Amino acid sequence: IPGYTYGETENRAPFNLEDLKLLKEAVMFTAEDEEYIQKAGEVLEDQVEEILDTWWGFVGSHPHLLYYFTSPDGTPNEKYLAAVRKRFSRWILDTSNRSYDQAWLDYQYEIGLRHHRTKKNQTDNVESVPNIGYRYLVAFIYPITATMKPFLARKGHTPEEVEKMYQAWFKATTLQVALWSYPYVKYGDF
């Protein structure tokens, strides 16, 4: 999966493992979500594609958001989308799967720098808009959560377990955006 370089980013993350523990805490994330994030894997596992299709009907629907995949000529760069949709999809599983260790942190850095201007458009060697305004990375916490939910309601679990999955998911999407802001914030204020 091209550009997907979890493990080998190898520039080193400006946040550490105490930083994470304390952010887990800000976000109410325990070991009790640890289990229940994993269980959302074996659930959302086989539906990834149908998920992407509901995702991309949100993005594709909104010109000022589709904006962010566009070539200078103001059309969607179709190469830029097929590529991301591969890595984004590996996100979903990674999230449910990787233990949140040093490696993990270094990609949470990576993935944030890719949204930023620092590394945007460089993974897929494409020419598009130079920065995604952080304001939207915060906003997508809502639609990355809400819309995952109907899909947790599926693989035949007890609605309580669905809640616990939902919530974990909400907690980890937030955690992630939270970290992503690193390259965005004025040095010293993160």
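Each residue number is its position in the shown sequence, starting from 1.
Peer 1: In the PDB record, does 166-174 or 12-20 carry the higher mean Cα temperature factor?
Peer 2: Between 12-20 and 166-174, it is 12-20 that shows the higher mean C-alpha B-factor.
Peer 1: Look over 85-93 and 106-114 in the entry and identify the one with the greater average Cα temperature factor.
Peer 2: Higher mean C-alpha B-factor in the PDB entry: 85-93.
Peer 1: Among 132, 139, 31, 52, where is the Cα B factor highest in this entry?
Peer 2: That would be 52.
Peer 1: Name the one of 144, 27, 66, 40 with the greatest CA B-factor according to the PDB entry.
Peer 2: Checking the PDB record, the top C-alpha B-factor among 144, 27, 66, 40 is at 40.
Peer 1: Among all modelled residues of this chain, ranked by Cα B factor, put residue 183 in the bottom, middle or top third, i.e. lowest, middle or highest.
Peer 2: Residue 183: CA B-factor falls in the lowest third of its chain.
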